[PDB]
């Protein structure tokens, strides 16, 4: 239990029904607080958004998209993957939300980068790229070791142990050279009888190094990205529908756009518009989870230094586009089940689905790009985004990328109402971040931007839990 039971009658108004707001309300309700959540959208979850057939969104350019994905097919437009250490998994257990493996590493997906080599724009499987990179890296270090270059820092026994590892790790020949490997895979698959298959032949060391084909390998080691990774069965938003049901829709107002938030003698008063009608609520405390760049637009009585601090959390660009195909060509032709291809192209990566394996259709995330490479899609119409996504994807996965397309749906977070950002990038543990951890009398800020896991649900959930703890301690005093 996060906190004990509160004594007496105490109320909180929560602004925003994304992860931070819903977690706050859930934990406060458990402890016996009166809670009301005000959410501007007509769905729970905020930047956790899962697109399915029937999903409709009008972006800030006024373009309306209507998703027509087949029944049971979806993709996560925002949050999609969860590492094992995140409290998000603890909440899935608490809420009864089934999880499954998320394919965050795949030997059979492709890398494709421009370079001043003949590999420029050429797709290479991760296993082939890794075998060559680690093969030559191991050969080079073994050579330097054998040459005596490391004799001042490695003993004879150290050298022997290192050499043994390098021969194994690089699949080196008996004489210490990288000559290729079954780890690269096969042009023709080994089968029965005399069908030995045909190993894919290695690139040259100069090709490997000068192509930068290993530039994405360290992604596999990210603390928040290393396998095993997880995701809820049927979409990430299921966590937030589960929170909603535990909180009770009687305690959440959807379609409630907050327009004012003020400390008053009675507590905190929040004005909002819902169903075109003007409403007001007063509670003893407020938890404001509205993205920080949007808070200043509210009528408010926050001190100037707080308003300035909020402006330091700079918006960031990110977006995705999903294409439903009526043939799972990635599985049938490329032998790709989940995972992502990686590229320097604007699309940045192509992410293959982790569900409906071996079915008749599926949604591919044709891009998930951020920063400069999302700016390249943000101002395009959806039709233009799709055309660009298909063109770039076909340069990686071939002409099959252009065929069997049923429908598509995109989001760009900076252009999305009530988000206008994928996640915060603080100017310069900064003074402004630290300032915003303090209450403004009875108003508390919470959200992933006020954590050390920005752009992770874990950040939002831990922020919520800290703020709830602070309110509870204050009430106790």
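Numbering follows the first chain given and starts at 1.
The entry models residue 428 and residue 429 with a gap of 4 to 9 deposited residues left without coordinates. Checked against the record, the higher mean CA B factor of 310-318 and 362-370 lies with 310-318. The stretch 152-160 shows the higher mean C-alpha B-factor when 90-98 is compared against 152-160 in the entry. The PDB entry gives the largest Cα B-factor of the residues 304, 180, 190, 170 to 304. Note on 338, 296, 214, 291: the highest value goes to 296, judged by CA B factor as recorded. In the deposited entry, the Cα temperature factor of residue 271 sits in the top third of values across the chain's modelled residues. Ranked within its chain, residue 207 lands in the highest third, by CA B factor from the PDB record. Looking at the C-alpha B-factors along this chain, the one for residue 176 belongs to the highest third. In the deposited entry, the Cα temperature factor of residue 47 places it in the lowest third of its chain's modelled residues. Annotation for residue 393: C-alpha temperature factor in the middle third relative to the rest of the modelled chain, per the entry.
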